[PDB]
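For reference, the structure is listed below as structure tokens.
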Amino acid sequence: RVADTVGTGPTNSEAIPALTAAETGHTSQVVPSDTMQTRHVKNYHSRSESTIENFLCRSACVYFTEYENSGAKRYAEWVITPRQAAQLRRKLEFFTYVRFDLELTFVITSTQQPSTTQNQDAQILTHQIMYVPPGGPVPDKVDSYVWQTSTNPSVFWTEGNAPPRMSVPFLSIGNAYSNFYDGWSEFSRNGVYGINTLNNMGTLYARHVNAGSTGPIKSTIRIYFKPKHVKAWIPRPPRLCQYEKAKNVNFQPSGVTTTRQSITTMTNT
Amino acid sequence: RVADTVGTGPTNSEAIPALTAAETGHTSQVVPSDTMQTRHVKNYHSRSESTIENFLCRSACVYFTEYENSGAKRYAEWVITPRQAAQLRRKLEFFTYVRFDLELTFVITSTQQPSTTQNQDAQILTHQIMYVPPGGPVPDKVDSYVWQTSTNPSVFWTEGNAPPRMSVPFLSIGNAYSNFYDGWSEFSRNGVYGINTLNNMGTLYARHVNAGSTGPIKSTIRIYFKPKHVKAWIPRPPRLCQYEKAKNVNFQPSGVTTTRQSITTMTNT
Amino acid sequence: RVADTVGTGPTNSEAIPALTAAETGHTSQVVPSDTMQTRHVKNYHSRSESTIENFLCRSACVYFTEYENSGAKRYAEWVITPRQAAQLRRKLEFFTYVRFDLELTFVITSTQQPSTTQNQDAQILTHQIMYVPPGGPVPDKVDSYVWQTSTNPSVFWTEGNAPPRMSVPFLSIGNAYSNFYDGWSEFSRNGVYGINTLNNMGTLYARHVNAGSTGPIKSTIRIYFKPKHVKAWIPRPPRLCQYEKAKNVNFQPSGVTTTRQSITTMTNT
Amino acid sequence: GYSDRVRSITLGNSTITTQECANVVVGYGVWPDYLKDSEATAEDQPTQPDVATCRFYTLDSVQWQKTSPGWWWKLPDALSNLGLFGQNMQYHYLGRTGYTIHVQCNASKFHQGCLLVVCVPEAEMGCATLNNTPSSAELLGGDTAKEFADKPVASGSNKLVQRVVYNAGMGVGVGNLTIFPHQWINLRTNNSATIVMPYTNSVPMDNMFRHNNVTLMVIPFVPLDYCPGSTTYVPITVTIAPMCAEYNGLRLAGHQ
Amino acid sequence: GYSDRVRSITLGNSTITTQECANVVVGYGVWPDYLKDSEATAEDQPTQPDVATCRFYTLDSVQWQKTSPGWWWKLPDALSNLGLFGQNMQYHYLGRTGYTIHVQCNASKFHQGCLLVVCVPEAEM
Amino acid sequence: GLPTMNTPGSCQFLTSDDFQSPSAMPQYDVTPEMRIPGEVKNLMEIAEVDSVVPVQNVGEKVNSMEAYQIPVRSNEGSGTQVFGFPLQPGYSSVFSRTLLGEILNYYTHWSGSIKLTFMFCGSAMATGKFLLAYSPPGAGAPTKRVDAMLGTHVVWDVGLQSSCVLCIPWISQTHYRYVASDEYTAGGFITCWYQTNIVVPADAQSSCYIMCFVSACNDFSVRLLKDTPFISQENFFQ
Amino acid sequence: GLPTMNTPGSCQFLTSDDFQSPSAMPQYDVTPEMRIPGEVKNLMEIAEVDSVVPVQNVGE
Amino acid sequence: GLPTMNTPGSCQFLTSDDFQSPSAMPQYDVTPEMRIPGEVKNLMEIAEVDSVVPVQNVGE
Amino acid sequence: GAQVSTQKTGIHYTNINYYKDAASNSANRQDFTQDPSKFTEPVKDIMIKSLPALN
Amino acid sequence: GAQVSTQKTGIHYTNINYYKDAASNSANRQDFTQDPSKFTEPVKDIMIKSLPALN
Amino acid sequence: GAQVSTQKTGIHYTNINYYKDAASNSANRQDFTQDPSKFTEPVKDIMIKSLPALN
Ligand SMILES: CCCCCCCCCCCCCCCC(=O)O
Ligand SMILES: CCCCCCCCCCCCCCCC(=O)O
Ligand SMILES: CCCCCCCCCCCCCCCC(=O)O
Ligand SMILES: *C(=O)CCCCCCCCCCCCC
Ligand SMILES: *C(=O)CCCCCCCCCCCCC
Ligand SMILES: *C(=O)CCCCCCCCCCCCC
């Protein structure tokens, strides 16, 4: 809950709740009651919706690709990163270190494709989404033995059903996920610089278990991330400049705010 | 329950339960027992179905639009108002202030469209309904980053399934939703006049996550509102004149009732 | 359970359990034990399946109509009556007054229609069944505002799902449903004669929320009635003559039974 | 020695007497009072002028004619120019009040007629021209009664209120206005109507220029009549008294 | 808050109000009632219709003129044709009743006059 | 993997169902309540409130305040009929648009008693008596005061108590009645007659007005919810 | 999200099934009962009643 | 075979729903926590901190 | 708030209701109550089997 | 943590809620509370039926 | 082994978990704990409001 205001009356003392020295690096704690006559008000207002869990715990699309029924793009692959999407990336980046569990929901959608193919009569498409942790063998074709997933986890989902969803633990090696990294990967202060030295979550492959029809079909897998059971440390300034890369802080300089005219103009221009 | 009648007999006194002065602004409380000889009757009749919850708590269609597979209308948008439908609007307007939770059910239905397109073999369509609270970025195309809904709530629903439904809290800033507003938005008694100065619930966008087929398909989203946990204050006369606008009281004058002939005619004409 | 037989022996008295006077309007209660030497038999036979609930509580089709994708018949309407079907009507008519709750199950089925229409690729059809209690506005087209059902109850059902079902209370004004009515509706012993003076349950409309495809489709809604929690009073002779009308007792006279030859013929002819 | 017909209401400097009346109809069963710390939002301490604001302000008299359709007075705006009620109302962003509305009309034993004295919370009115909204100068009348119309107002390209009495300018049935706190001034038995309105609104306090929470309406249901000789000029005088007026948010004066 | 002038008499379906009156003059100090077994002769059991018979029957209005001499209404015969009082009266050899006679006449403050409302037992003319 | 089995009714959307749905806005803090005057808890609290009845529907008076006035005049005889309308609170053009009739039009059945409060709006010098009567159905409407007689009446004497309440009892074969018309569910007739012509002094108006108010009694109840026929629509308003 | 698993018989409409269905009319107040004479409770109460037998079927 | 019946909302994906999902990595041992300085628990802890305001927006 | 009742035999079956309306409940299949002496024997004076009906 | 309440009649129906938000709950159909003397009789001085309104 | 907790208001909602892993559980939406004197006031020596900051 939020703090209620205390009924205040006049004052004429040497107590100065309003005068301070902001150089101390300490935020003042003045409240209306200190610089005016306040009435008692009872605050039932709650800061429930601004807890870190409520802020971050909402499914956001982090990426999406396509694969097909035929041709070259018959299976897809994505090296896992939350940095390809501007929206979720920016919320996580309000904090230097974050620790959390994840809830993965996938929205797989197919579209019939233009063809000269006659007598199309598609059968129901079943998809396989497979996770290849850093080090395991990678599918080099829609049919390499790799898709057996004897040990790799993978979801088989038939179209028309509810979106495939599963949760994942805090898969880090560190006691918290690092959102920023002011360092290199090599001790010779060389090689990679930044957060990419830390990103090693593996790849995610998807494919059609069956082609289904004689005509072409293209599917689009959308990956949704939802941070459950979140812990966030060391907050920082929200991102001002637009994102340029998915692996680095690279920004193009932009001004502090938008403008108006005179410091006296009560209106944005 | 309803009140039972008391057995009454004859009377010959100066007690006058029948004579009053209606100028007082007080409704008389005479009952059959007062102006005749009544028998005792036990009333088990209940006023259960006329409670405000039972009156208002039934799903009503408040609006519906269309979006398509291709073309210009590829996504839809609706600024939320219960005033576009005559039916639900009129029930809510029996009261000046109403406070309640909402239950939203959407009935999304698609129709194949006429085309010269040969070899159509549609794939299952999945739809996304997104809410953009007052202030958030708005989708300017079926594919703007906006549809990531990292923080905005949104429903993904595949056709052929049960109607997507969710409930919403009492989203007002005031301690009750105002059904009427005899005022302006500007302190200079200018600008907007009426309830529209108060309506600021945001917009609702819908789109096809996938096109599904080579041929054209047009969908129609129907939004249903159902006031749960209702509180209503200050009742008023039911709407007589027909509704003309969705943002204002504007009516075209109509007579008090229908007619019959003489004040003696026991039949409607 | 059924009554067990008592072991009986010979008899030679003036007690006459077999001789009576059937003019009294009293059914004799003689049992085998009274007119012969019986053995003791223990009856575990139960009259469970002949209780009024088990007799009447089974879904019966009471009526069914059709509506289409296009044309004139785009929505259907049925004034509710259990008298259009010979089967359920006759069971209910074993009693003068019946009182019960109802369980409504609808079996909606569509059939593709013959057309010259090329490239048909139907989308899933969703249907709306709406009840208009006696007095409410009636749909005059597939799209009149009436279908908003802000207060009228209505079922929205997408094809391929389980049959839409809901139960209804004892909706009568009388303390029991009257199966027969030997009277008129007008005090001048005129107007309507019979049960129709009493039937006022309202109408039931059905329509396709969406057309779904370019080709024609015709649907057939079958309404099933199942009397739950039944109470039946004043039993009567089962219907002999065939039913001629759905609103009246009108029958065409038929003989008491079928025939055989001599009163001595042990076989039906 | 008593009488249900006699009355005396003292508020501040002013006192009001009645020798023929009905009860005092108290708002929605609620008598006006101040805002509680439980229901408050504005944290600044209020000004409660008391005797200076909550007193009997008698606006202009109006003439009841054999052909008058009715009249209406918005509520914060009526007393917006009267005394210290109007002043505090200008210097303050927020305000809250209740009222004791005393409508006075005396005729004789040979005169007849009957007025409906209602207090319509949030009388949002319609425009003659369906596309527009009435103008501030068409809806409001400070201390000067705004009057209803005998017949439909023409829908040109105006911002005129649709004044036909039978719809009350709100598109409802004028005969159902009886739900809103009211009284009748049947010249046969009555002399005046007194209505004590509590603060009705969905927010604890609101701005007094931008929003008129209550609207007083005096609509004659049975017309004035009298035989010749019987005095012809029968005026109606409206006396309103603010009740438990608080004001939060002090600044310079005005509205803009 | 009372007044000797106000009144309300409820009998059956009917109720009667008065805003200006005198007391109710009760017969010879006797209020009507039923016959006692002590005072009865007819041995058959009576029909006492109750609410159907004992109710307010309003006969025809008459005009009071500056020259009207008076009027008279015999009693069983007046209601002899009215409702179920008249019916029971025809099917039955014997009958017994009492009455609540309410004569109504309103004028104004500028009108004057005075009527005698009597109940003459056995007005043999 | 708990063995389940679906029953008919699955994935169906019943307009009047009562189920739990997930909140789209979690841990959302609702603006605290406020005590606002005059809260309604049941629709019958509204139907128990008097509302002026437009008895004089007749012609174009329906487009006026005249629909509300019941003409009363000084005759040359009594027994004349003042008005007459049937007992159909939701159906008759008289009651259909009342506070009671509008609420009744959202329901299919109704049961109870009704109060018809008549207020005399003449000069303080006018007098008069009226026979306010309700005759149940069975034999037509009373055409003479002598037929209205036998019904359930109340003789109204105009005096200091301006108004007089004719209370109509529930006399029905059935427990409820249809809000819409049905002769099985017939209601009766309400008529008014001059008991003793309107007497006025010299210099006071001889033609007055009466007003009628309709409210429900403590035994009134409505049943089976449906849509009012009173609000139409051709397109979504904009 | 409770892990469930459907058994054969799902979404089937058996004419003689006995399940609960949602009421289409909520908080509806049923007209109170009345004691009407001769209530039947079992169909055998009717079969225990003598009815005249058409022994002479023969011909017309 | 427990008799069940689906309500509207089945097989719908609400962005802000709060349900249980099966873990894709069973009996996985999470690297133990560490006390890192300055943990945020509510976003208002951040909004209560002074930040320099760009009053002189004006121009460049 | 469940109710364990008996099954039809020649066990038990637990039941809970989910709906707020009694009309939403299952049928009442287990009421084997019966009274044919409304129809068989509706005579005013008692008729004993072993005795002559008309005496 | 269930709640057994009464059904509408002329029994019981057990209920449990699964959602963390009160907005996710079912409607409140069983509140038959009522108070027409806000609208019928909002007069300051009490008005007794049997007495003359104006005295 | 269920847990009845409170709903968000201005009741209760029973909860049981079915999965063997804590990662499979629902989010922790009801933790309104807070401590801004890490950021607002991270000073070594205490600063009292009514007193001069620099003395
Ligand atoms: C089918 C199984 C799918 C499993 C999905 C595993 C996804 C791993 C998610 C890692 C989360 C966010 C981490 C950013 C990593 C970093 O920069 O250190
Ligand atoms: C996918 C999330 C959808 C959320 C739906 C939010 C709809 C908001 C409903 C507001 C309700 C009725 C309010 C009228 C507003 C006013 O005039 O003050
Ligand atoms: C979608 C809601 C559908 C509601 C279905 C309501 C059907 C009413 C059934 C009435 C039942 C049998 C009655 C015969 C009537 C009579 O003759 O008195
Ligand atoms: C009495 O019922 C207490 C025991 C509860 C057992 C669990 C109930 C199973 C699911 C019931 C929810 C009711 C559906 C509206
Ligand atoms: C109180 O509820 C203890 C009894 C629990 C009965 C079993 C509950 C049935 C399933 C409930 C899980 C809640 C869904 C989030
Ligand atoms: C503690 O939970 C004992 C009460 C159990 C209530 C019934 C549980 C409902 C179904 C749970 C099975 C768990 C799913 C893996």
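Letters for chains follow the order of the structure tokens (A, B, ...), residue numbers begin at 1 for each chain, and ligand numbers begin at 1 in the order shown.
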
Enumerate, as a PyMOL selection string, the complete set of residues in chain K that a backbone-based DSSP assignment places in strand (DSSP E or B). chain K and resi 3-6+8+12-15

Hey, could you make a per-residue contact list for chain B against ligand 2 with 6 Å as the cut-off, showing the nearest pair of atoms and its distance in Å to one decimal, counting only C-alpha atoms and all ligand atoms, sorted by chain and number, as a tab-separated table?
residue	atom	partner	partner_atom_place_in_ligand_line	distance
B:81	CA	ligand 2	14 (C)	5.6
B:82	CA	ligand 2	12 (C)	5.8
B:129	CA	ligand 2	1 (C)	5.9
B:130	CA	ligand 2	1 (C)	5.1
B:131	CA	ligand 2	2 (C)	4.8
B:153	CA	ligand 2	1 (C)	5.4
B:154	CA	ligand 2	1 (C)	4.6
B:155	CA	ligand 2	1 (C)	5.9
B:177	CA	ligand 2	18 (O)	5.4
B:178	CA	ligand 2	18 (O)	5.6
B:198	CA	ligand 2	18 (O)	5.1
B:199	CA	ligand 2	17 (O)	4.0
B:201	CA	ligand 2	8 (C)	5.5

What's the 12 Å shell around residue 169 of chain A, counting only C-alpha atoms, without same-chain residues fewer than 2 positions away, as a ChimeraX atom specification? /A:99-104,166-167,171-173,177,227-230 /H:21-31 /K:21-25

Spatial neighbours of residue 254 of chain A, max dist 10 Å, only C-alpha atoms, sep filter under 2 positions, as a PyMOL selection string: chain A and resi 240-242+251-252+256-258

List the neighbours of residue 2 of chain F out to 9 Å using only C-alpha atoms; skip same-chain residues closer than 4 positions along the sequence, and give me the result as a CSV table (one decimal) with N, CA, C and O atoms, in the first residue's frame.
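Result file result38.csv:
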chain,number,residue,atom,x,y,z
G,2,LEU,N,-3.8,-28.4,-15.0
G,2,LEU,CA,-3.9,-29.8,-14.5
G,2,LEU,C,-3.9,-30.8,-15.6
G,2,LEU,O,-4.8,-30.8,-16.5
G,3,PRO,N,-2.9,-31.7,-15.6
G,3,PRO,CA,-2.7,-32.7,-16.7
G,3,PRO,C,-3.9,-33.7,-16.7
G,3,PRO,O,-4.0,-34.6,-15.8
G,4,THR,N,-4.6,-33.7,-17.7
G,4,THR,CA,-5.8,-34.5,-18.0
G,4,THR,C,-5.6,-35.4,-19.2
G,4,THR,O,-4.6,-35.3,-19.9
G,5,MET,N,-6.5,-36.3,-19.5
G,5,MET,CA,-6.4,-37.2,-20.6
G,5,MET,C,-7.7,-37.8,-20.9
G,5,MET,O,-8.3,-38.5,-20.1
G,6,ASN,N,-8.2,-37.5,-22.1
G,6,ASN,CA,-9.6,-38.0,-22.5
G,6,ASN,C,-9.7,-39.5,-22.9
G,6,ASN,O,-8.9,-40.1,-23.6
H,1,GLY,N,-13.1,-42.4,-16.3
H,1,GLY,CA,-13.6,-41.4,-17.3
H,1,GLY,C,-14.5,-40.4,-16.7
H,1,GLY,O,-15.7,-40.5,-16.8
H,2,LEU,N,-13.9,-39.4,-16.0
H,2,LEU,CA,-14.6,-38.3,-15.3
H,2,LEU,C,-15.3,-37.4,-16.2
H,2,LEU,O,-14.6,-36.7,-17.0
